Structures are given as C-alpha cells and as structure tokens.
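# Descriptive structure summary
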Amino acid sequence: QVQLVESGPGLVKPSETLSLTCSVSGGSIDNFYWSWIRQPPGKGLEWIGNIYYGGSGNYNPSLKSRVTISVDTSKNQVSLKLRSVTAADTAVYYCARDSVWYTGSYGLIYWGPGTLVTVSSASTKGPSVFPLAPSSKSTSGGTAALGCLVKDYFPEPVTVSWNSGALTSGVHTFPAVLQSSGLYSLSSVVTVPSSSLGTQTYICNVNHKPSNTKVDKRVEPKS
Amino acid sequence: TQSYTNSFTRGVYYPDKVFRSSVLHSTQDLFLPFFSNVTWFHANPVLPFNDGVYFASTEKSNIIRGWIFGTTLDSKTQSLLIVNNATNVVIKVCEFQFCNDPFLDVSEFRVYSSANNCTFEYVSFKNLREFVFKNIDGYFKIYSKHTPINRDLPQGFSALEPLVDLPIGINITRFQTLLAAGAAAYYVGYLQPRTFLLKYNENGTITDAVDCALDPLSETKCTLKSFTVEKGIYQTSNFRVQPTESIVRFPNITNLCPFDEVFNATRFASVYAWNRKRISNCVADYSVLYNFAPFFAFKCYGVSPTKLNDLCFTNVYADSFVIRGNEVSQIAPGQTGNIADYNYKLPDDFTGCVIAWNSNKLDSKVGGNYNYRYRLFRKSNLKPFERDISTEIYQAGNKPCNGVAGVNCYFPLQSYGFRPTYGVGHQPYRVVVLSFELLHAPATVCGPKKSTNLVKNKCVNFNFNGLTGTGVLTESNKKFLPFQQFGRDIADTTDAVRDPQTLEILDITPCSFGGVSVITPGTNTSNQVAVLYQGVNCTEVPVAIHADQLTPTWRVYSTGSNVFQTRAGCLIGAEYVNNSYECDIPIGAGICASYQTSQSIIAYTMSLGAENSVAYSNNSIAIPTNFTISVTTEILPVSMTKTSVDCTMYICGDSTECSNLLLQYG
Amino acid sequence: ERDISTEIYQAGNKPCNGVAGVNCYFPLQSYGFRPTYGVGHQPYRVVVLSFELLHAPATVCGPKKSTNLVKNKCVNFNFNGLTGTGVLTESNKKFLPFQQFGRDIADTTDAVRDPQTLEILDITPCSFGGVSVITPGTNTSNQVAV
Amino acid sequence: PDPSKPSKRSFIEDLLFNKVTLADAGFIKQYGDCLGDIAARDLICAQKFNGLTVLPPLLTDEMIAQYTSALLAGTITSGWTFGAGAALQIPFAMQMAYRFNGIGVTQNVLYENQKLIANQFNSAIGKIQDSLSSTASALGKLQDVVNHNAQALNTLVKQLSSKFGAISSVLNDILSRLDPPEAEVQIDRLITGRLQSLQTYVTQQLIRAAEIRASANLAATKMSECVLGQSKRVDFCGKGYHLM
Amino acid sequence: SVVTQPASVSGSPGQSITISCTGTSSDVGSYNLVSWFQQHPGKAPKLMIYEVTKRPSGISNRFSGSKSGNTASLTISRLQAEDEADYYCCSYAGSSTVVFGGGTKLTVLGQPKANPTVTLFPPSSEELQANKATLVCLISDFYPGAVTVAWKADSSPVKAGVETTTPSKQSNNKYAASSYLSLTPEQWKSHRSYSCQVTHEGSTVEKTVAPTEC
Ligand SMILES: *[C@@H]1O[C@H](CO)[C@@H](O[C@@H]2O[C@H](CO)[C@@H](O)[C@H](O)[C@H]2NC(C)=O)[C@H](O)[C@H]1NC(C)=O
Ligand SMILES: *[C@@H]1O[C@H](CO)[C@@H](O)[C@H](O)[C@H]1NC(C)=O
Ligand SMILES: *[C@@H]1O[C@H](CO)[C@@H](O)[C@H](O)[C@H]1NC(C)=O
Ligand SMILES: *[C@@H]1O[C@H](CO)[C@@H](O)[C@H](O)[C@H]1NC(C)=O
Ligand SMILES: *[C@@H]1O[C@H](CO)[C@@H](O)[C@H](O)[C@H]1NC(C)=O
Ligand SMILES: *[C@@H]1O[C@H](CO)[C@@H](O)[C@H](O)[C@H]1NC(C)=O
Ligand SMILES: *[C@@H]1O[C@H](CO)[C@@H](O)[C@H](O)[C@H]1NC(C)=O
Ligand SMILES: *[C@@H]1O[C@H](CO)[C@@H](O)[C@H](O)[C@H]1NC(C)=O
Ligand SMILES: *[C@@H]1O[C@H](CO)[C@@H](O)[C@H](O)[C@H]1NC(C)=O
Ligand SMILES: *[C@@H]1O[C@H](CO)[C@@H](O)[C@H](O)[C@H]1NC(C)=O
Ligand SMILES: *[C@@H]1O[C@H](CO)[C@@H](O)[C@H](O)[C@H]1NC(C)=O
C-alpha cells in the first residue's frame, strides 16, 4: 500500500554530485530494506544499492566507491548521493522496498515511478507551447484533433495535461524528437468532437520540472 | 469515580508459615510493587483480577462488608461469595446468579437470585483495613491487617499476617466489592511477580522491605543484602535486550512419512534378516505411532519421545523384526547375547528409539511357528547395523564341514517355537527401531511445525530446523560451500545458519547486554545515585520503555539526567564538571565521581596534584633554615583469625549414613 | 486444572456458531475400549496422590504411636515426621498462630510447635567439642594430657 | 616529556609502549565492531559474548606519564630533597658531587672530570635508546603478564565446548532434545563443569595477583629508595655503586 | 552483467513460451532467491515471480517459475497481447548483493498488419508572430513498427529540415511516430501547399496543409 516517489534535479553537470530523495507515503521506514536501482534509456536494469535503518549500507561493487545511501526516519525518506557524475549516469532511477514476506536485499517489490537524470552542461530551457489548430476541413468530419506543440525544451521530460487534468480521454502525447539543435520537441494532441469547439475551452497545461515552467495555452480553431 | 494514588510501601505480607527473627530474607512472590498505581473508587461493573488483588479501606462505620469473585458470575460456573454479619463471616462457592449491581440489603440475598451446588462453606482517628487476595495453586489465600490511623495509605510500614487459606480450586478472573443512600471509598491494586528483601526483627515481625526492581538503589541493596549502602560504586547487575518475536524456519515439506507400512506390516522379518526402510523427504508426526501398534511406551536413547515432534532429522531408519520376550532387553546399546552378537547390533552411541510390542496373537501357531529364525553360531560379533543373511554351515571343531551338517558342524540358523501357550518371556515380540541420523546435512524429515517469516536485524527467538536460540539475524558474507549447513565458533556456538527455504547464510549475534554498576554516596547521606553502563557507547544504552528491552525493569531517565561518555562506558545521572578534585568514587579511565553542591553527583577528571615548578639555575641553592619533628602512624597487619573446621559435623552433622558415605571420598 | 467445557473447537478462520463441520470439531472423543485390543490400547484406571507436604498443621499422618515429651535432655525427636537429635527446651519465641516451626541461617529447624500441646520448643545441638591430645614423644613417655 | 606528542611521553617511554602490545585495553567496544563479523578480534568478541570483559585501569597512560615526569623533574632539579620535604633546588653538577661523596669518592673527582662523566652518561643513554629500538624482545615480563591473562581468558572461553559427560555441550540442544526432568540432569552436569572451570580461573587469578602485588611492592620500594634517594644496598639499584 | 538472458523471444497467442536466465553457481545456483519482473515501456518494473516459484497476490497463474542448475526459467502459458513487454531476472548474489539479468523482450505473433493514421498541423499564428514555422506530422496505430516519412513542397521532394522519430510501441501494442518540418515564415507563405507522406508496407498515405488567407 506504500507509495515511493522520487525527487531531485533533472540535470547534473559532469564531475558533480547527484542527489535524489525517495519519499514514502502510507508507511514508515521501520526496518525495511530500501533499495536504489537505475536503468539507462533503452538498456537493462542495474542494481545500485540498498540500506536499512540499522546502518552500514550495501552498494554495487562497481559503484560503492561513489554511492552513499542514507535514511531519515524523522523526515521519513531515503537519500541517494552519487559522486563524480559522468555522462554514463544518465538514467531513470527507482527506489524499492522489501515486504515482510521477502525481507532482505533481494526484496525488490514496491517500486516507485522513477525519475530521469541527465548528465550534461547544456542549458535548461522552458518549452514553447504553440497551439496546433486543426484545419477547417479536418474539423468538418465531426472529429477535431487539436493539440499543443511543446517545442525547443531541454532536458526531458515534460508533462502535458488538458484542462488542469480534467480532460484525459483521447489525449495522446507522442515521444519527443531530438532536433539537430539538441533541443526536444513533442506534440500532445487530443481528439474531441467538433461540436465542442465553440462551447468548450481547451487549454493545455505543459509542465517542465527542470525549469519549473508551467504554461497554459488555449487552443482555438483556425481563424 | 476513579482517582489514582501511589501505594507507597503498603501490601507486604508474610510469604510463608516459617518463623524467622532478626534476619534479612529474600523472597520472590506475587507482591504489590512499591509506589505502584492503585485505583481509588468512591460510591458499577466488575474489575479484573489479574494475578492478585490488594484491597484497602479507611473506615469507622464498617459499610463495606463482602466480596465476589469468579469469571462470568452468571450461574454457568462456580463463583466465590464472601460476606460477614456483625459476628460471623460466611464464605460460599455456590454457582450464584448474581444481579448486575449486587448489594446486601440492610440481610436478605438481593446479591444473587439463585444459588445451586454449594461445594464449599466456611463460617467464622480511623481504622485502615488492608486485604490481599491471591488464587495460586488450588488455594484462595486472604491476608489481612487493620491499623489505627489519624490518610489513604500512610507512608509507614505494616505487614499483613495471613488470615485464611481456602482449598477451593476455582478459576477467578473478575471480582467486585460488596456493601450494605450511602457512600463509601476503597483502594484497589494489582500484584506482580516481584522479588523483595524482608526484615524480620527480634519478635519475628516484618518491619521493613526493599523492592529489588524499584530503582538502582534498591537493586544495590538487594545485591548487598543490606538496607544501608556505603559510599562507592557497586557492580549490581547486567542489562539485556529481550527478544521481540519468534521465528520458525523449516523446510517446505508436504508428504507425510510412511510409518503406516512399517508398523502395519502383514508379516515382520526374521531377526537375522531384519528389514530396514529409509524415511526421508517427509514430515513425521510420531504422535500417531501409538495408533498403529499396541505398544506400551517408547524406549528412546539420546532423545525424549515427547520432543520427537520438535526436531528435524537428515534421515530416519526403521528396522523391523521379531524376537522373543527374553531378547527384547538385548535391543539396546552395549548389550551382548545371541541377538546382539549374531543377529542385530546397535552402536554404543545409538541415538533413536526402540518400540517392542507383544504379538502372540499373530506370530504364534498351535503347532508352533517356525517361520521366524535367528542366527545361533557365528565366527565373530556383528558390527553395528550389520546384516548377515549367510546360511553357510558353521564349523565348531577342526574338521571341515564341506557343506554337510554333523558333529561340530551346525546349521547357523535356528527357529523359534512361538506357541500360544508359552509364558510371557517366550512369546513373540515385534520390534521396530527408529534410528535418527540427527541434523548435520539438509534435514529431510521434520516434525509438524508451521514455519514463520524471516525477521532480520532484530532480537528474535529463532528456530532453524530445531536449532533454537535467541539473537539478531543478519545477512552474512561467509562463503559457505554448498554441502555446509551451519558455522561454529571457538566455543562451538552456532555463529551462522543456512535458511532451509531460501538457501542463504544468516549470522547470529547475541542481542545486546552489558554490565550495570551503581555509583552512590552513603544512604546515610542521600538516596541519589548514578548508573554506569560498562563498555557501551551512549547510544546502545537501552532507552525504549517496555517489557522487552531490559532485564532491569527500572529505567533511570536517559535524557534529562545528564549523560556522559567515558572510556569505561556511559554514565547517567552525574553532571560532568571541568574542575578537577581528588578521586572520591573511582569510575575509571581517569574519571571519578563525588557528591557535592542543592547537592548532586558530579563526575570529573581526577587531579594528580598541584603543579610546582622548581626555580632551578646553575648557581642557586635552597637551604632550610629551620626544621620540624613529624610523628607519623603506620598500621601493619600481623596475624589473622585462627579457625578450625569439623569436617564431619559441617558436612554430615549427626548422620551416620552421611558419615559412611563421606568416608568414601578419601 | 480441569476443563469440562464442550464448546465447539474452531480449527480454521470460519466461526462455528455451535455447529460441527469443516474445521469445526467436537472437542471430546470417546475411547474404543474393546476386550480384544492389545495391552497398549486397553483401559487403565489411574489414581494420583498429591501430597501438600508439611508446612501447616498436618492433618494426614502415618500410623505412628506418639510418645511423651522429654525436655532438657539429648533425645532423638520426631515432630510430624521432622526427625532430629537435640535438646528440646521451652521457648520464648513469639510464634504467630499460623506458623508451625522456625528456621535458622542455615535453614535448620531451630524451633518447633508440639502438635498436641500447641507450645514452642527450641531445638539445640546436644553437646560437642574438639579434643586435642598433648603428648611428649612416645620415645619419652606414654603419658598424655587432654 | 616531548610536548609535540599527543600523550606527553618521552622518547624512551614511546619505545617501551611500542614494545608491548595489549590484548585488550578495556575501552569501549562498539556493538557493530563484533556485529560486523569480519573483524580479526574474534577472540575478544567471543570472550565478551560469554560474559568475560576487561575493565579499564583507573589511571590513564597519560596520568602515569605525568607521574613519571614529576618524579623525574623533582629528581633532576632537587636531588633527594623532594622526597623528604619541600623540593630544594641545587645545580645538577653539585648534586652529582653529593652522590660521589655518597659512594665514597671525593667531589673534586666529579668536578675535575665533569665533561667526561657527562659524555659517558650521554653515551649510555644513547646505547639504551639503541638497545630498545633494535631488540623487539626486550620487555619480556610485561608481555608475559599480558599473554598469561589473555591465555587464561581464551582457555576459559574454550572450556564452553566440553560436554562434561552430558549428551551435548549446548544448552539449547539439551533443552530441545529432552523433556524437562531428564534435561535437568544434563544441565546440572554442564553447570558443574562450567562452575569448576570458573573456580579454576579465579584461583589462578588470585595466585597470579598475589605474585603481581609482590612485584608491585618491590617496584614501589625501588621507586622510594633508588629514585627518591641514593641507596647503599648492594645490587638493589643496579650493579655497581648506585648514583641515581 | 554476469546473469545472461536471451535478447528476444517470439510466440503466438495460446502457446506457452519460456524465458531463460543463466547465472553462475554463486548467484542463481546458490540461493532460491530469483525474481522475475515485467516492465512495459514507460513503466516501472512489476514483480511477477519471487523466490523462484512463488507468485505475489494478484498475478495470474499463467506465469510459473522454476530453477535448475544455474538457470532460472519463467514459463508463460496461454500467451496474450498484453504479455508482450520486457522481462528481467534478478538474483541474490550473496554478501547483500543483487544482480539483474540482461533483459528479454517477448514478441506476440498475434498482432496483424495495421495501416498508419496521419495528422498534419501547420504553423500557428503565434509561431508566425515568432518568425518561425513548424509542420507537425503525427503517425499512430501502425503495425509492424516500420514506416518511412517523406515531405513535399508543392510537388517537389524536401530533404532539409526533416526530423523523424523512431517507432515507439503504444499502450495498445501498436506503434507511433512523429515528424517535424522546420520552415521560415517566408517559405511557408511562398509555397501553395506542403505535404507529409507516410509509407508502411508499401502503402503510402499523404496529408497536405496550406497557408490561411485572412
Ligand atoms: C622554627 O620553627 C619553630 C616552630 O616550628 C619556631 O618556634 C615558634 O616561634 C614563634 C615565634 O618565636 C613562637 O610564637 C612559637 O610559639 C614557636 N613555636 C614553638 C613550637 O616553639 C622557631 O622560632 C623557628 N625558628 C626560626 C629560627 O625561625
Ligand atoms: C496511574 O495511571 C493513570 C493512567 O493509567 C495516570 O493518569 C496516573 O497519573 C497514574 N498515576 C500516577 C501516580 O502516576
Ligand atoms: C517485642 O515485644 C515486646 C513486648 O513487650 C516489646 O517490648 C519489644 O519492643 C518487641 N520487640 C521489638 C523489636 O519491638
Ligand atoms: C510451502 O509450500 C506451499 C506450496 O509449495 C505454499 O503454499 C506455502 O505457502 C509454503 N509455506 C511457506 C511457509 O512458505
Ligand atoms: C493395515 O493395512 C490394511 C490394508 O493393508 C488395513 O485394512 C488396516 O486397516 C490397516 N491397519 C492399521 C492399524 O493401520
Ligand atoms: C555518612 O557516612 C559517611 C561515610 O562515607 C560519613 O563520612 C559521614 O560522616 C556520615 N554522615 C552522618 C551524618 O552520619
Ligand atoms: C558512538 O557512536 C557514534 C555514532 O555511531 C560515533 O560517532 C562515536 O564515535 C561512538 N563513540 C565511541 C566511543 O565509539
Ligand atoms: C568545559 O570546557 C569546555 C571547553 O572549554 C566547554 O566546551 C564545556 O562547555 C565546559 N563545561 C563546563 C561544565 O564548564
Ligand atoms: C647557566 O644557566 C644560564 C641560565 O640559567 C644559562 O644561560 C647558561 O648557559 C648556563 N651555563 C652554561 C655553561 O651553559
Ligand atoms: C489420643 O487421644 C485419645 C482419646 O482422644 C487418648 O485416649 C490417647 O491417650 C491420646 N494419645 C496421646 C498420645 O495423648
Ligand atoms: C626422644 O625424642 C625427643 C624428641 O622431642 C628427643 O629430644 C629425645 O632426645 C629423644 N630421646 C631418646 C632417648 O631418644
């Protein structure tokens, strides 16, 4: 029933230190084994380490010279620190917990959604949100696909909701494209009845955590 | 109405019926702890009973009259009723049907509507009356004492002489007061299994007591067997963290062991060709063995039958055969005879069980059963657990037999008679011997025992395949080879185990413990003390307030009382001072303690003395111009007490049998 | 402890509600006790005698004629099975009515209560001491002192 | 003393400290130190887990160093006068002349050979330094004391693996394999055996403590007579005519 | 990675497949502590098997685990569409260490050919006010995930300013992609129309946009 949510910076320059915090909801630290795992994009899972409230801290031998994992019961969270960050550390990081029936370092049961961390010095840029308005002929068929182009942002990812998350049905957020400039661009498109174009307001909310950029863009038919 | 009060030192009763005078006696029993939390009631459901009850009431009019005891108090079970008129005291144990709020009608019986099957009946300034009720064994013991006072519970002392002991074996869990609009008030406390130090004066009267678990000072007093403590540091006891939960880990085995086909065989084998069956990969419930054969009891060597369900064995062997009554005693380690030498031999270090039962109905024929044979002649004795089914002709003399029976040439096997008219010693007996290989390899035969989950990094009572213990289980770096199952230490203590279900290695550590010393000035000076936990960091000092963290139930405040960290350990209750004085109470590693100015206990670094630089130069000399005659005193022991011991009188005082036995000791 | 309850035993998690069934058994089961059974399965009648031992006034005693009381002499006494040898004297110890004997530092019975006349008797070791022999050498004389 | 060092010991005192290795100093033992299960001190962990612990001495090594430093400073700057009453300063050459008078040699011998005597003393001190810094097996007696105590504790620990005639040397095995009444017999056998081992250890400790107390009384007498004064007793304060 | 898994495996709906996990004698051949995790794209791994054979509550009995020698096998019976994802095996490596496998991508033959759906978006008014032009060609719901994108200015091919994504499996086991054409406002207003063409399995679908007159 516990939920583990990771948080931390999304961009770390090389040779810096990367810090992540896993927050626990619906449960306490107690004596569980809290483990950190990571996965590079498009590659396999790699176990980083684990720790329990007793102390010590068991790390992957390939990384134990750099990894430090700690736990704070008063603040009820788990802390991961990785020194001498290089470009190979760009990966999605998860925290996991053992259960009462699978206690130990092997207890990888309750996983968090994960957090992507990228290693570079490239600047963080808030996205440009342009209203992708469907053509008049495209809306004449009864279905209007209207969207928002989230263009020229760095780094990944961005979260696009519709009407503060109220609109979820028909929303398709495509994977970002890597442009030649090194910036990212995606298009979040929602298909709606064309009858609601004149009565329902469609505002896309684009959220970019690395820059704390929240942009609300109202999409209206072409005029 | 429920208020709360301290019991002070009330509730001390004579623990036995032995006269003692001018002595300090240590007794462990159900006592009311000193300064406990008693409940004060004013004048209504039934209170619990727990292990005992201390009742008290200050009165001058005798309104409270009786008491009621039992569990449900609804005529479904026996209940105790105690009442008293102006002259007589009436005690009954009938199955009363009590009212919801019983009370003696100022007589009548409004207390109970019905009373059937009475199995016991007995008839016999303010005043503070105290009573203690406890229902140990099959006796209801009532102690009483009434004293004049000029106060809820005065801080004086008064023992409670025993009043009544009732042989009723009633189970009691609840109780209720009884009285005859009016008002009343009374105090109720609960007993606990405490250890007390009682002081019997010249007249045999208990005049004082010490509750050994109240605080460190009382623990010191009980350790010294004294009511006054001199200034110093006393190594009182040891603190130990208690286990929190129990863990059982057994192999996940489902098959039931095939003990039916051993005992329920149509025909057992001959003793010279005894059957052996291997039992493995199954759960063995020996309690059902009594249902298969009408044997009277086991004969187990190296183990007790009642414990057979709590153990795991690597393999079990069931050896079955038939002998006669005379030879049943030869199925045992260290025996000799025809059966032990030539037919079936048990090793001298045998660990197992023997089950022999009379089978005169099955193995006897009217004309004589000759199917069962035993080996009568052999060149040499059998090795343990060896079988010899050879039928070669035995050569008694020097003439070779050449496979022909004759003079000094006998057939090695001979048949039993086994006729139903024979005596008990000559009747057939079926014997099954269970040999236990014990637990060194992965156990395959285990008792019926549900296995729990695995708890790590906590003080738990573990049970791995019948290996029991208490400790902390941690993930281990030890590189066990696949055939190994546990690791031992210098003292042959199991230091690591292999979990039978998940084949991993767990290190076992003693939970936590250490020495506890009490630093105190004299009790003539103060009752204030400090506590030294020896050789512990000031973080492993047990802080949790429960009944599973300490052997000493007392807990000196680990935060408010100024803690300090010395190389000797953790010192609690002494304020460290940057000044340095002469050592008063040595704590260790250069740290001493004293009682100084309010006044409190202070810890400091001891002072070696005043520094004094000598004004040295190569042409300056100090010469005394005067002198002093000093007379110093030196005391030297020279001799000690010359003692003589009468060995016989000390060991065997007025006993001829004891003296004769003592003569044997050289 | 005795338990004559006949409530249905609940083996599993499902409450039985006073009805026998799966994981709901009747706690009591009857013996077979047929005359053709083996020795281990035949009925046996058992009587257990529990002795409360002697701390209070004894009420159950063996058949033993009691003699008179002799004081101020070295005698072999037997008070309610408590045997010993010593001198019995009238005692000033203030026994409370429930007490029956007094003990000493070595847990030796120092005083007893006469069961017939409820009086207190102090018990003392009769008389004893060390005996040394003063002698010159046997080469000198056979004369000794004690 | 050397003020540079944390513990204000002399050079020779540091050499002596490096020459003797204590088995257990009696200081704080962290729980994780024996919980780590990798430590090479398994002997001490086994001793501590079976109730055998070592208490620290009341006087720390720094306090002993201060005491020796005070005695040395008093001897150097005041001769034997500080052992009787107040320390009375006197030039060291004149004090050595007093000692020469005390061994029956006129003080003009000291005053006319002062540089030669100083050089001989310095060379002897240097040779003591070299002897201590070269031969590791110099402090035989102290190491023997430490080794005897450690060996006694280790033997006491190893005595726990003996059955003493019982079925097993482990109490838990006896309790698990036998019913209470039978198990009481085996537990009694183990209790008697372990109690006898403890009594043997305590008797040996009492005898060895008496021996050590005799040695300590001798050392105190030598401190009083050799250090706080000049001794006429032959071979009590070294071979030859004692000077200091 | 010490633990080795096959790179990929394929199967048809209905039949049972097996995913292997080969380790050494110190990680898989020593402990009964092998776990099998299923990870869908964009999702955290989900525990399917723990302790070699035990299934956590809520997992269908179609997944079974076994261990033999130094190889742990996960058997999936009655293959379905949603079972197509990544599968990893984690094993306790001793000394409080866990080692993950390389990962195996299951393939379900049951997915038929699907033609792509294409939507084309011209630059917005705000973007033209920003002196930029972007054409967005979103392609979705095609199987197999292999399409080719070509852009046209009027009728002429366009090679510059084209950014095409690789196919990505959708939640419905189909694939999606996006293409972006970067143009100046003058280029956008100068041409009569622009077109995006997507070719899948030899079939081409075209969309066209034109400037708006106001
Ligand atoms: C040496 O010391 C003694 C005392 O130890 C001195 O005697 C004292 O002298 C004062 C003053 O003359 C008197 O008030 C005391 O009563 C004397 N005490 C005794 C015990 O007699 C003595 O004067 C000192 N001598 C010198 C030369 O200083
Ligand atoms: C007795 O316990 C009650 C609560 O159980 C508490 O409020 C009260 O303070 C206690 N009495 C004393 C004297 O502490
Ligand atoms: C014992 O009782 C007598 C009776 O008068 C009394 O004088 C004496 O004080 C009592 N003993 C003690 C210790 O009080
Ligand atoms: C033992 O195994 C059975 C099935 O093999 C399983 O249902 C049960 O939960 C297991 N018991 C434990 C304690 O793991
Ligand atoms: C013994 O086995 C037979 C069948 O082989 C069966 O009929 C009989 O009831 C069994 N007896 C016992 C006591 O198990
Ligand atoms: C209390 O006992 C101490 C013993 O250390 C003694 O020095 C002191 O004088 C005593 N005080 C009184 C009032 O008896
Ligand atoms: C006591 O524990 C703390 C924290 O673990 C540590 O920093 C400190 O050094 C310890 N003290 C000693 C004397 O070991
Ligand atoms: C003792 O002195 C130290 C350092 O000067 C200081 O930190 C500490 O607070 C002092 N303690 C007391 C009780 O004066
Ligand atoms: C004598 O002492 C003084 C200082 O007390 C010192 O300067 C001088 O060097 C000493 N004499 C010699 C010869 O060194
Ligand atoms: C016991 O009592 C009976 C009658 O009550 C009496 O005849 C007899 O003498 C008594 N015995 C003794 C030893 O006093
Ligand atoms: C007898 O023995 C004593 C020993 O005390 C000795 O002094 C004496 O000379 C002996 N006398 C003879 C005659 O041997």
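### Here we look at the side chain of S280(B)
Residues and elements named next belong to chain B. For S280, the position within the fold is in the loop between β22 (275-279) and β23 (282-283). Separated by 3.4 Å, the side chains of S280 and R278 make a polar contact. Those residues within four positions of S280 in sequence are excluded, and the remaining contacts are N315, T444 and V445.

### Some words on the nonpolar core
Among the nonpolar cores identified, the biggest contains 45 residues, and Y286(B) and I331(B) are the most heavily contacted of them. Elements supplying a minimum of two residues to this core: α2 (260-263), β26 (316-324), β27 (352-358) and β32 (428-436) of chain B. Those residues in contact with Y286(B) that lie beyond four places of it in its chain are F259(B), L308(B), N309(B), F313(B), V316(B), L434(B), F436(B) and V445(B). Counting residues in each nonpolar core, the second largest holds 31 residues, with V455(B), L473(B), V497(B) and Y92(E) among its members.

### Focus: the UniProt feature "disulfide bond" in chain D
Residue and element names in this part refer to chain D. Sulfur atoms bridged by a disulfide sit less than 2.5 Å apart; for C34 and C45, annotated as such a bridge in UniProt, the distance of 2.0 Å is consistent with the bond. Residue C34 is found in helix α2 (residues 31-35), and its partner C45 is found in helix α3 (residues 42-49); the two are separated by 11 residues along the sequence. We classify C34 as buried; its relative accessible area is 8%. The exposure class assigned to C45 is buried, which follows from its relative accessible area of 5%. In this structure the UniProt-annotated cystine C226-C237 is intact, with an S-S distance of 2.0 Å. Linking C226 in helix α10 (residues 180-227) with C237 in the segment after α10, this pair joins segments that are 11 residues apart in sequence. Judged on exposure class, the residue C226 and its partner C237 are both buried.

### With respect to the state of the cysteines
Residues and elements named next belong to chain B. Across all of its chains, the model carries 18 disulfides over all chains by this definition. A disulfide bridge connects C257 with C282, and the sulfur atoms are separated by 2.0 Å. Taking the torsion about the sulfur-sulfur bond, which here is approximately 95°, the covalent link between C257 and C282 counts as right-handed. Taken together, the residues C257 in the loop between β21 (245-249) and α2 and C282 in strand β23 connect sequence positions 25 residues apart.

### Structural notes on the sheet that holds strand β37 (residues 494-498) of chain B
Residue and element names in this part refer to chain B. Spatially, the 6 strands line up as an open sheet ordered β21-β34-β35-β38-β37-β36, and their pairing is mixed. Edge positions in the sheet fall to β21 and β36 (486-488), since each of these pairs with one other strand and no more. Strand-to-strand, the axes of this sheet are offset by a mean angle of 40°, without reference to chain direction. As judged from the 5 bridges shared by β21 and strand β34 (residues 459-464), these two strands associate in the parallel manner.

### As for the interface of chain B and chain C
Of the residues lining the interface, 20 residues belong to chain B; the matching set on chain C comes to 23 residues. Of the roughly 1,700 Å² buried at the junction of chain B and chain C (both faces included), carbon and sulfur atoms supply 64%. Interface area lost by chain B to chain C is led by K17(B), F19(B) and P294(B), which between them contribute 37%. Remark: the boundary between chain B and chain C carries 0 salt bridges. The interface formed by chain B and chain C contains 7 residue pairs in polar contact. At the level of elements, β2 (18-19) and β15 (161-166) of chain B are the ones that each hand at least two residues to the side of chain B that touches chain C. Of the residues in the side of chain B that touches chain C, the class split is 12 nonpolar, 2 polar and 6 charged. Looking at chain direction, β2(B) and strand β5 (residues 101-103) of chain C are connected through 2 bridges and run parallel. When the sheet's bridge partners are listed, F19(B) is paired in β5(C) with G102(C).

### Details of the pairing of strand β3 (residues 34-39) of chain E
All names here are of chain E. With 6 of 6 residues buried, β3 lies mostly within the body of the structure. Taking every second residue as pointing to the same face, both faces of β3 are buried, with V34, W36 and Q38 on one and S35, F37 and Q39 on the other. One ladder, built from 3 bridges, connects β3 with strand β4 (residues 46-49); its direction is antiparallel. Bridge pairing in β4 links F37 to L47. Connecting β3 to the next strand, β4, in antiparallel fashion are 6 residues, including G42 with a positive phi near 75°.

### Description of the sheet that holds strand β18 (residues 202-208) of chain A
Residues and elements named next belong to chain A. Reading across from one edge, β14-β18-β19 is the order of the 3 strands in this open sheet, with antiparallel pairing throughout. Bordering the open sheet on either side are β14 (159-162) and β19 (213-219), each of which pairs with just one other strand. With strand direction ignored, the average angle separating the axes of adjacent strands in the sheet is 20°. The pairing of β14 with β18 spans 4 bridges and is antiparallel. Residue pairing for β18: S161 is matched across the bridge by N205.

### Points about the environment of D348(B)
All names here are of chain B. Take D348: it is sitting in the loop between α3 (338-343) and β27. Here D348 is in contact with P333 and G334, once residues within four sequence places are set aside. For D348, the side chain forms a polar contact with the main-chain nitrogen of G334, separated by 3.3 Å.

### So, the side chain of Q143(D)
Residue and element names in this part refer to chain D. By secondary structure assignment, the location of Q143 is in helix α8 (residues 140-158). A residue is classified by how much of its surface remains accessible, and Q143, at 18% relative accessible area, is buried. A polar contact of 3.3 Å, which involves the side chain of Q143, links it to the backbone nitrogen of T21. If we skip the residues at most four places from it in the chain, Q143 touches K19, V20 and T21.

### Some points on the interface of chain D and chain B
In this assembly, 43 residues from chain D lie in contact with 55 residues from chain B. Overall, the association of chain D and chain B removes approximately 3,900 Å² of surface from exposure, summing both partners, and the carbon and sulfur fraction of that is 64%. Inspection of the chain D/chain B interface yields 0 salt bridges. If you look at where chain D meets chain B, you find 10 residue pairs in polar contact. Counting only elements with at least two residues in the side of chain D that touches chain B, the list comes to α2, α3, α4 (61-78), α5 (92-102), α8 and α9 (171-177) of chain D. Sorting elements by how many residues they give to the side of chain D that touches chain B places α9(D) first, with 5 residues. Its residues assigned to classes, the side of chain D that touches chain B shows 25 nonpolar, 10 polar and 8 charged.

Rules of the game
- Residues numbered from 1 in each chain as written, not as in the entry; some residues may be left out.
- Chains lettered and ligands numbered in written order.
- Part of a larger assembly, values for the part shown.
- Heavy atoms only, no water.
- Residues with missing side-chain atoms left out of burial classes, pairs and counts.
- Helix = DSSP H or I, 4+ residues; strand = E, 2+ residues; numbered from the N terminus.
- Polar contact = N/O pair within 3.5 Å; in protein donor to acceptor, adjacent residues only side chain to side chain.
- Contact = heavy atoms within 4.5 Å.
- Core = buried A, V, L, I, M, F, W, Y, C linked by side-chain atoms within 4.5 Å.
- Buried < 20%, exposed > 50% of the residue type's maximum accessible area, 1.4 Å probe, protein only.
- Disulfide = S-S within 2.5 Å.
- UniProt positions renumbered as here; feature names shortened; annotations may be inferred.
- Pairing = 2+ DSSP bridges.
- Axes fitted to C-alpha atoms, helices over the stretch in contact; angles between N-to-C directions.
- Buried area = accessible area lost by both parts, 1.4 Å probe.
- Salt bridge = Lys/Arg side-chain N within 4 Å of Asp/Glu carboxyl O.
- Nonpolar A, V, L, I, M, F, W, Y, C, P; charged D, E, K, R; others polar.

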